Amino acid sequence: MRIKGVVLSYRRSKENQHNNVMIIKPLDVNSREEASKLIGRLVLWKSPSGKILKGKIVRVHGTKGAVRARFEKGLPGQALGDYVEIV
């Protein structure tokens with residue numbers, strides 16, 4: 001029912017002309033069909049402080065693999081490594 005994934009790298013663009021970007025990589029999702037079809041889904045990832053963050057997938061970037069994501073609420077102090085989930 002639930003799903004998981006693994007973060008790749010979060011770009012915190014200093015300036016402001018494209019906003020900050022975030023790359024995610026769900027376990028398998030080895031099908032542009034499924035990946036592309038998953039575009040629009042909500043990523044509900046857990047995290048300490050009971051701070052449950054929930055962003056949204058924008059576009060796919062890897063065809064049958066990872067996808068692009070963005071977070072306006074940002075993540076906690078250094079959180080590059082926590083598994084993502086679609087709860």
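Cβ atoms come from the backbone with ideal geometry, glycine included; neighbour counts cover every protein chain shown. Every number here is computed from the coordinates shown, using simple stated rules; none is lab data.
Looking only at segment 9-33, count how many residues are assigned to a loop (DSSP other than H, G, I, E, B) and more than 24 Å from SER47 (Cβ to Cβ). Steps first, please.
Pass one, segment 9-33, residues assigned to a loop (DSSP other than H, G, I, E, B): 12-20, 27-31.
Filter once more, keeping what is more than 24 Å from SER47 (Cβ to Cβ): 15-18, 30-31.
Number of matching residues: 6.
Number of residues in segment 71-83 that are outside any strand (DSSP E or B) and touching a strand residue (DSSP E or B) at 6+ places or on another chain (Cβ under 7 Å) equals 6. Listed conditions (1) part of a loop (DSSP other than H, G, I, E, B); (2) touching a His at 6+ places or on another chain (Cβ under 7 Å); (3) not hydrophobic (A, V, I, L, M, F, W, C) are all met by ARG68, apart from (1).
Restricting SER47, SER36 to residues that are within 19 Å of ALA66 (Cβ to Cβ), hydroxyl-bearing (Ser, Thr, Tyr) and either touching a residue at least 12 places away in the same chain (Cβ under 8 Å) or outside any strand (DSSP E or B) (or both) narrows the list to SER36. Tallying residues that are of a type outside the set (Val, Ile, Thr) and outside any strand (DSSP E or B) within segment 50-65 yields 6. Suppose the filter is in contact with a helix residue (DSSP H, G or I) (Cβ under 9 Å, 6 or more places away or on another chain) and either in a strand (DSSP E or B) or of a type in the set (A, V, I, L, M) (or both); does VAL6 pass it? No, not satisfied.
Take the residues in segment 50-87 that are over 23 Å from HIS18 (Cβ atoms) and in contact (Cβ under 8 Å) with a residue 40 or more places away in the chain, then tell me which one is surrounded by the most Cβ atoms within 10 Å (Cβ to Cβ). Here the residue is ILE86.
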